[PDB]
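One structure is given here, and the rest of the page talks about it.
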Amino acid sequence: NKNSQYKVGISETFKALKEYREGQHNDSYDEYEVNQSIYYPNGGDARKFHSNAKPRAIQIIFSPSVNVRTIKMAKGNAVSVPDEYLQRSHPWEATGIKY
Amino acid sequence: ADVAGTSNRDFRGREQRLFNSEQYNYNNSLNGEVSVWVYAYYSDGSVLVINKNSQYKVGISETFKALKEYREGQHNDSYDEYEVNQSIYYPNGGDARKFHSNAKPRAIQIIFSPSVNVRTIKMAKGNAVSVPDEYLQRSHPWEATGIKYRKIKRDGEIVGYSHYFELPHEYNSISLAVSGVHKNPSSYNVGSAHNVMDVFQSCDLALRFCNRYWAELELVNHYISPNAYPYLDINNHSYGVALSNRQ
Amino acid sequence: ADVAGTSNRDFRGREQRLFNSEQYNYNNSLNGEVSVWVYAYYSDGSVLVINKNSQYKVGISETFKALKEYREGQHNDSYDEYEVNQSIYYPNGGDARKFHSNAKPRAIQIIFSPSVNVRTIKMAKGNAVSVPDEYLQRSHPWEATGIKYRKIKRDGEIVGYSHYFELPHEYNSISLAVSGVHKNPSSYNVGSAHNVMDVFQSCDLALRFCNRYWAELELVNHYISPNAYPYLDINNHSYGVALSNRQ
Amino acid sequence: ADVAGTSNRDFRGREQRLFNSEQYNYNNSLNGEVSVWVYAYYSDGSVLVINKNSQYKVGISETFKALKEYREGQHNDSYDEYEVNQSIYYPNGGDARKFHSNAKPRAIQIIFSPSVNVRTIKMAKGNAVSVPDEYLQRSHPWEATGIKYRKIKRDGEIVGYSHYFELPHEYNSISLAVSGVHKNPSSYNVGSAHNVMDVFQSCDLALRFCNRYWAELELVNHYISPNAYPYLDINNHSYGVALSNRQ
Ligand SMILES: [Cl-]
Ligand SMILES: [Cl-]
Ligand SMILES: [Cl-]
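Okay, structure coming up:
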């Protein structure tokens, strides 16, 4: 959650959105290897096909004080590029119509 | 139809050249990305990359501690490295069991995308307690280092800009921020009242990436090359893809 | 000699076809195996296979707990998974630190060898405390599910039979047994007094196999294909070897 | 309509009574389940339940070692308990650091469903190396203990059968198997040639359940009561549901 005057946003990497269980085991070495295999195909040496730490869905909610026409989203790939290659990336999409 | 590669009717040929030219030129538009990379090189040959990609302007700011080597899911001497930090912040301030932490970076490479204006680049290279120039009272909060950036070139095209500095001495203990502004040859100020709130949104929409690769070879193979990123390796070899007016 | 592939004197050709036909037909004899496989699919993409191979008849019976994912030589949340079991056996019966155990199977595939009689197949799909139908008092101990089995076919031959069901809901918490009888088109009952003690010995001589593979790809490559086993993958692709009257 | 509870036209009333009667009677049909439970009582007040539910006949067979207390996801003295096993198998055979293992059961309760024929019940209560009666040479492989089974009754109906024996002495070290056959008052032998292969399939289709509950109270609340199972507690109190001709 972020709460601010005038404007507000959240920006998270692939890694930061993965499940983290505070004070429990997290397969932290294997999950480093998972990250390498997500960043580049066959880039890692993980002992699993699918990390259960990967999100299954995202909900974005705005307060009723937002102007919906101003909403912008940068949904990147796992190495934080909006649209396949930086050279051809618009840094956001205006997704207000979908809210 | 005309035969391939013999006439002005090779539309497949003309479209391939336009496809590459449009990518090059879109990146340099005010609609396009500007990107910075900081590479921290460690003595075990591993490399931390921090990347940020944003519209209008972009930067990275890291503390002394955040630039030290961290091996995800391995032992890191985490208690001794707290003590190392205390002895770096103030001479004889700590109780570490080592003279030199191998987690300290041996060098930094800063790379900008070719969409940066080099004259806008600014760097705050601080001491280990995050003061730019010895004491805050006498610190200019940045230096304009653009003149030091080398052109990373492939097939005669600029694919990026590199500033590299080694930290080979025991006293090279740094905090680091770098900043650049997207090219804007127009007289439309992207920060004028009309568009300033879009620049505020760009700060929130900027995407970050960070990862430690085991070797420069793994960085070139699995980070630089697959993403068409510019790079300069220890042997002064340039990587990247030339796009302007090219098939 | 006659030239290869031109006449009825290609004895190498005729023997190759008979070799394959004899394997197909031996399996369908009362001397031959009947085999069942249960595949438990987990959310991490791993697959538990349980196989049993026996003469006359064959089955597998597993508790709720035994079908849960177990990673040999890794951490399994073994204390929390005891608590998960208590909360599955009775609502609010446990003190687990999670809503959904990722060790719960997401789907089950049952496969029989082509030597099964499909009309004999029986399944006991129980609740998590191993009761077939809500309460023992009103439970028929099985359902005859043969009508639901799809033919796994290669080159027009039936190489096996598949029943697949997903468990995608939080309330899909099962115990499982399945049973089938070897084809017997004759009027020699293999369980008649003459041979009944041989069927008792078959129960003791049945060979079991179990293993967790990391991915369906590893299962296809290293389990299904090397052993000439039938299979149906998530993309509805059939695996196995056609043998009847084939080179 | 007629008023509730005043006439022979209370169809809701008649259907409720038939619904319960049909459950009672279905269980006693040859289509119905026969169920056995073994309860192993430990000194810490915990109770291991092993349950098996099958058509035609049912049993449980456990080694000395398998009946010992196992606490999932807690410390179990696993090395010392190996040594305990060696000293139980042969006097002075081990090097344990204790006189009495608190993992040894203090008592056993065997319960059968009311669908059992009590005259068919058989028990093999072995020594710790799984010999029924001192030496194999002189061992009958079972005793017919039906005469010792008490009727578990609720509202005048038999809801189950109980055999209970304490193991309070240091020398009470047992292996255990128990077996019973479903009621069959007909002259249709379910093991005659016509149906014998269905009895073989029943062995494979039998569903098993096992779990350690922390207390008899937790067993009554979360295992016995929710599943409409019969039970007899330490205070000689009967649990279960009367169904025959009852609303
Ligand atoms: Cl523009
Ligand atoms: Cl035969
Ligand atoms: Cl009947």
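Chains as they are written, first to last, in the entry's author numbering: chain A, 52 to 150; chain B, 2 to 248; chain C, 2 to 248; chain D, 2 to 248.
Heads up, the beta-carbon is just placed ideally off N, CA and C, and yes, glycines get one too.
* Report yes or no: is there a C-beta of chain C within less than 8 angstroms of the C-beta of D:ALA207? => Nearest CB-CB separation between D:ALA207 and chain C: below the 8 angstroms threshold.
* **Proximal chain B residues relative to A:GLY94, where beta-carbon distance stays under 7 angstroms** => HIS223
* Can you list, in chain order, every residue whose CB sits closer than 6 angstroms to a heavy atom of ligand 1? -> B:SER30, B:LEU31, B:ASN32
* Cβ shell of D:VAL48 (< 8 angstroms), same chain only, five flanking positions each side left out -> Taking D:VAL48 as the centre and dropping the five residues before and after it, the same chain places the C-beta of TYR40, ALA41, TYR42, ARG213, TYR214, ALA216, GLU217, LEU220 closer than 8 angstroms to its C-beta, in chain order.
* Asked: Under the rule that 16 or more other beta-carbon atoms within 10 Å means buried, what is D:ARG209, buried or exposed?
  -> That one is buried.
* Give, in chain order, every residue of the stretch 25-48 of chain C whose Cβ lies closer than 8 angstroms to some Cβ of chain A. => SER44, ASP45, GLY46, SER47
* Rounded to whole angstroms, what's the CA-CA distance from D:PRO231 to D:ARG151? Just pull it up for me. => 12 angstroms
* Locate the alpha helix (DSSP H) running through D:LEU137, then write down its first and last residues. => First-last for D:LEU137: undefined, no H or E at that position.
* Please name the residue, chosen from A:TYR83, A:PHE113, A:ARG139, that lies closest to A:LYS99 on a Cα-to-Cα basis. => A:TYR83
* Going by DSSP, which residues form a beta bridge with B:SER176? -> B:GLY127
* Asked: To which residues does DSSP link C:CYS204 through a beta bridge?
  -> The bridge partners DSSP lists for C:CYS204 come to none.
* Interface positions of the stretch 65-79 of chain B facing chain A (Cβ-Cβ less than 8 angstroms), listed along the chain -> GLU73, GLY74, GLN75
* To do: Output, in chain order, the set of chain C residues within a Cβ distance shorter than 8 angstroms of A:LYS99.
  => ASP45, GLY46, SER47, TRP215
* Asked: So which residues of chain C does A:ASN103 contact, with C-beta pairs closer than 8 angstroms?
  -> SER44, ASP45, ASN103
* Determine, using beta carbons only, whether B:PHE113 comes closer than 8 angstroms to chain F. => No chain F is present in this structure, whose protein chains are A, B, C and D.
* Asked: So which residues of chain D does C:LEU244 contact, with C-beta pairs closer than 9 angstroms?
  -> Going along chain D, no residue has its Cβ under 9 angstroms from C:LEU244, so there is no contact; the nearest lies around 27 angstroms.
* Might you give, ordered along the chain, the residues of its own chain that have their beta carbon closer than 6 angstroms to the beta carbon of B:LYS53, omitting 5 neighbours on each side? => The beta carbon of B:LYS53 sits closer than 6 angstroms to the beta carbons of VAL37, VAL59, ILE61, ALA207, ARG209 from its chain, once the five residues preceding and following it are set aside; these are given in chain order.
* Asked: Is the beta carbon of A:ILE122 sitting closer than 8 angstroms to the one on A:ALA145?
  -> yes
* To do: With 8 angstroms as the limit, tell me which residues of the stretch 183-212 of chain D have their beta carbon closer than that to any beta carbon of chain C; keep them in chain order.
  => The stretch 183-212 of chain D vs chain C, Cβ under 8 angstroms: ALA194, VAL197, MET198, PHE201, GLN202, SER203, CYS204, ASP205, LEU206, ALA207, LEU208, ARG209, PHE210, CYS211, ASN212.
* What is the rounded straight-line gap between the Cα of D:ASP11 and the Cα of D:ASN246? -> Cα to Cα, the separation comes out at about 15 angstroms.
* **Euclidean distance between Cα positions of A:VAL132 and A:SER140** => Taking C-alpha positions only, A:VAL132 is separated from A:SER140 by approximately 7 angstroms.
* Asked: Ends of the alpha helix (DSSP H) at B:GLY14?
  -> Segment 12-29, the alpha helix (DSSP H) holding B:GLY14.
* **Under 8 angstroms from the C-beta of D:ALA229: neighbouring residues of chain C** => What D:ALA229 touches in chain C: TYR136, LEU137, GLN138.
* Asked: For the alpha helix (DSSP H) that B:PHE65 lies in, which residues bound it at each end?
  -> 65-68
* Per-residue DSSP class, three states only, for A:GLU144 -> strand
* To do: Flag this pair as yes or no: are the beta carbons of D:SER116 and D:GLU167 separated by less than 8 angstroms?
  => no
* C-beta atoms of D:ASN21 and D:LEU244 nearer than 8 angstroms -> yes
* Asked: Helix, strand or coil: how does DSSP classify B:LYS152 here?
  -> It is a strand residue.
* What did DSSP end up calling A:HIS101 once you bin it into helix, strand or coil? -> Per DSSP, reduced to three states, the secondary structure at A:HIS101 is coil, with no helix or strand assignment.
* From B:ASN228 to C:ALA5, what does the alpha carbon distance come to, in whole angstroms? -> 55 angstroms
* **Exposed unless 16 or more other CB atoms sit within 10 angstroms - verdict on D:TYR136** => exposed
* Name the chain B residues that come within less than 8 angstroms of A:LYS123, Cβ to Cβ? -> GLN202, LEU206
* To do: Taking 8 angstroms as the cut-off, decide whether the C-beta atoms of D:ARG155 and D:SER226 are in contact.
  => no
* To do: Output yes if chain A places a C-beta closer than 8 angstroms to the C-beta of B:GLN56; else output no.
  => yes
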